[PDB]
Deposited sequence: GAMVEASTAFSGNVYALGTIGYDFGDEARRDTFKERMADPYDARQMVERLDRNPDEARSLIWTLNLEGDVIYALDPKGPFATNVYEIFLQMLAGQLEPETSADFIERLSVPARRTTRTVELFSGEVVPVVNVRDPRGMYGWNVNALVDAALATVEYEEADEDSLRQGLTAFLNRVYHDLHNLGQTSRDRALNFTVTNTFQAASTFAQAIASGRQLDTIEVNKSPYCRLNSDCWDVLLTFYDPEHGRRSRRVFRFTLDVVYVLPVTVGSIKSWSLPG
C-alpha cells in the first residue's frame, strides 16, 4: 500500500508504442478518431487491455489507469463508457464532461507514445467512479425549488458548479488534495442543496477546508465550509453549508448530513 489517489479529469487512451498503434491501424480507418475506437472496443472488449488508459486534467496526463483484480473487465467497461460519453453531443443524456476516479497508488510508471513517463494507479472496481455533465446536475437542482427566473437560476447554478470544479481540482494525492477533489464530487451530488441559496439571490463567496474534529481517531476527516452571500442587497445574512469528508478510504465517504445555517 503506497497511499490513495482521488482524481478528476478526462479519460483517454494511448498506444504506448508504434507496434500497438499499428495493431489498431489495421482494425479501423483511423485509431486516433476516438469515435472509431469506442466502436471497435465496444465490439471487441478484450482489445481494451492492449491500450494505456490515461486520466488527464486540462491537458496534463497525470495518471495511467491500471485495472487489476477480479473486476478488471468491469473497470474496462466503465473506462469505455466514460470515453464514449465524452464524445457525445453536449445535449445528450449520456454526455460526460466531469469525471471522478478513486485509485490505489503504486510505484510503477509507464512510458506514453510521446515519451512522457506517468505514474500508474490501480483502479480495482467501478465503485466511486462517476461521470457527470453540468446541465444534468443543474436540471436536478432546479427540480427542488420554486420559480418562474429559470434562465437566471440555471446560469447561476451552472456558474457555481463550474467555479467549484476549477477552484479545487488538483492532482489528488495528499489528504488535503483528495479532500478538495472529493468536495467537487460531493458538491455535484448535492447540487440541489445549494439551489435555494442561489435562487434566493446569493452566490458562493468562500470555500474553506479544515481538518475535522468530528471523526474517530485514525480517520482522515476534513470539514468543508461553503458560504454564500448577496453582493447586491444591503445587510443580508450569509448562508453557510458544511459537510465532513473522510478520505482515509480509497472510496472517500461523507460523514453525516450536510449542515446549513445563517450568519
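> Where are the gaps relative to the deposited sequence?
Going by the record, the segments left unmodelled (no C-alpha atoms) fall at 1 to 9, 158 to 159, 275 to 276.
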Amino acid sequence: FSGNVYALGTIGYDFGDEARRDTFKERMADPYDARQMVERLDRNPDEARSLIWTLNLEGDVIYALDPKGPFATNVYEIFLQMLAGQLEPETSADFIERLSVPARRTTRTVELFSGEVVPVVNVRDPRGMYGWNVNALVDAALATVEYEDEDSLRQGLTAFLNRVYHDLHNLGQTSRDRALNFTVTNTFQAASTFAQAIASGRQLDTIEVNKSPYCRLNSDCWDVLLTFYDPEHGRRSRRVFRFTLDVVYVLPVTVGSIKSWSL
From here on, numbers count along this sequence of modelled residues.
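> Can you let me know which of the two, 80 to 88 or 151 to 159, has the higher average C-alpha B-factor in the entry?
Mean B over CA atoms: larger for 151 to 159.
> For the C-alpha atoms alone, is the average B factor greater in 18 to 26 or in 248 to 256, going by the entry?
So the stretch with the higher mean C-alpha B-factor is 18 to 26.
> Given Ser175, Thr73, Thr183, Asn135, identify the residue with the highest C-alpha B factor in the PDB entry.
So the option with the highest C-alpha B-factor is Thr73.
> Which has the highest CA B-factor per the PDB entry: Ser200, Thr206, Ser212, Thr54?
Going by the entry's C-alpha B-factors, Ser212 comes out highest.
> What third of its chain's C-alpha B-factors does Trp261 belong to: lowest, middle or highest?
Middle third of the chain for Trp261's C-alpha B-factor.
> Should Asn122 be placed in the lowest, middle or highest third of its chain by the C-alpha B factor in the entry?
Tercile = middle for this residue's CA B-factor.
> Against its chain's modelled residues, does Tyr63's Cα B factor rank lowest, middle or highest third?
For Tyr63, whose C-alpha B-factor we compare with every modelled residue in the chain, the answer is the lowest third.
> Rank-wise, by C-alpha B-factor, drop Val224 into the lowest, middle or highest third of its chain.
As the PDB entry reports it, the C-alpha B-factor of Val224 lands in the lowest third of its chain.
> Quick check on the deposited entry: does the C-alpha B-factor of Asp94 sit in the lowest, middle or highest third of its chain?
Answer is middle: the recorded C-alpha B-factor places it there.
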